[PDB]
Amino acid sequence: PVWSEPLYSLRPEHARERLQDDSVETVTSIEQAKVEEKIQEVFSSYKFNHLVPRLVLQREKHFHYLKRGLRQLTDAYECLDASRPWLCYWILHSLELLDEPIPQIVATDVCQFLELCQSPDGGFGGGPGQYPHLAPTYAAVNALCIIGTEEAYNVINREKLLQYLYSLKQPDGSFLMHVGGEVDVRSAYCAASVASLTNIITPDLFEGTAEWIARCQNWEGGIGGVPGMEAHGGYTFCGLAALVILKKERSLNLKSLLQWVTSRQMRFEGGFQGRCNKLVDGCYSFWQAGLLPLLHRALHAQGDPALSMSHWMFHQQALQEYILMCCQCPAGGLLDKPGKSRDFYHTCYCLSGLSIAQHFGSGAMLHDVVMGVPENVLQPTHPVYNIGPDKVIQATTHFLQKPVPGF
């Protein structure tokens, strides 16, 4: 019909999704209301400017921002001097999602830099000369897998990597993030991710790890950083994804997890919050929405008959709308929410989440939903590792040619 608004966020009923504060104001409701007012302005900008909405992913702008950052960053990035492999990963993955090829010259330079970040005793540090740490180790391995050449695969010292992982393993099943460092569920995911990709998983490496992760699931249904702590989207992604890698998703109450994650999508904004009663943030487009493909696969493996065969269990349209309308910087790059500055981390995870929202796949069944112009469609991403599924397959196949160190 002519009176019909094809954009979910712009429909007149949508106004009914604004916060009801029951006339009781607290810091939480004040802050939520402030975000909603700003988002409503974005949504209504077309109507007030008397234009027809056109949702376009600004590909050329994002490419320019990424191409430059891969080489050089301003001192705004001093605070990430101990996360340089993350920068390689975020940028290379964004480019992959945008289907922009990686020049071999660039590929080789990334390889060589990551070599310099690799510790003699295994793992990768945040920069050359820095001690190894599981987070930049995860980033470095993902980046090398995105490149996917023989040179890239060969960078990783697999024997030392395994030794490194063992050095971090705790008796209760958990892993330190680094020597003399903190323990939380991120470390389990980082370790599971790199060990599974590089085929270095021994029979006892992850003994107790599934059980430790399951203790992090709490009364809310999501997963906290350590047992007892509030459920959070980042830790819940790490927990579920690590359990999927370990083939132990059944250790969790998957039903209470499903109820928890779906409740994290904001009815007004369309994006996801990281925990109950906090604010929407574009990067949860990946951490939170990425749980839905994981849950679908898990539930499907249990023979769940009631699963959709065309859609994830979240509002794919509303998420794309949030990301496309609210999370793009006109100069290129994506961001957390309107009013925040662009950065490579949000560029990576907003695009990752957009791709998830665009692409449903369950074995043979495939269904896309692409909001806005068709050129908006991104390359798919693997919900466990968040690199291209082709890169996952290619890497795992390659490393399976090698024996697990120690045999």
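Rigid core here is just the name for the largest C-alpha set that superposes within 1.5 Å across the two forms. Throughout, we count residues from 1 along the sequence that is shown.
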- Note on the structure: Quick note, superposing on core in 9 other deposited structures of this protein and taking C-alpha RMS, the more shifted stretch of 41-49 and 354-362 is 41-49
- Query: If you average the CA temperature factors over each stretch, which comes out higher, 106-114 or 180-188?
  - Reply: 106-114
- Item | Residue range whose averaged C-alpha B-factor is higher in the record, 296-304 or 239-247 | 296-304
- Note on the structure: The largest CA temperature factor among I356, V35, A364, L66 is found at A364
- Temperature factor at the Cα of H50, chain-ranked in thirds, falls in the highest
- Chain-wide C-alpha B factor ranking for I201, given as lowest, middle or highest third: highest
- Could you look up the Cα B-factor of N376 in the entry and say which third of the chain it sits in: lowest, middle or highest? highest
- Message: Quick check for you: using the entry's CA B-factors within this chain, is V27 in the lowest, middle or highest third?
- Response: middle
- Task: Using the B-factors in the PDB entry, rank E150's C-alpha atom against the chain and give the third, lowest, middle or highest.
- Result: highest
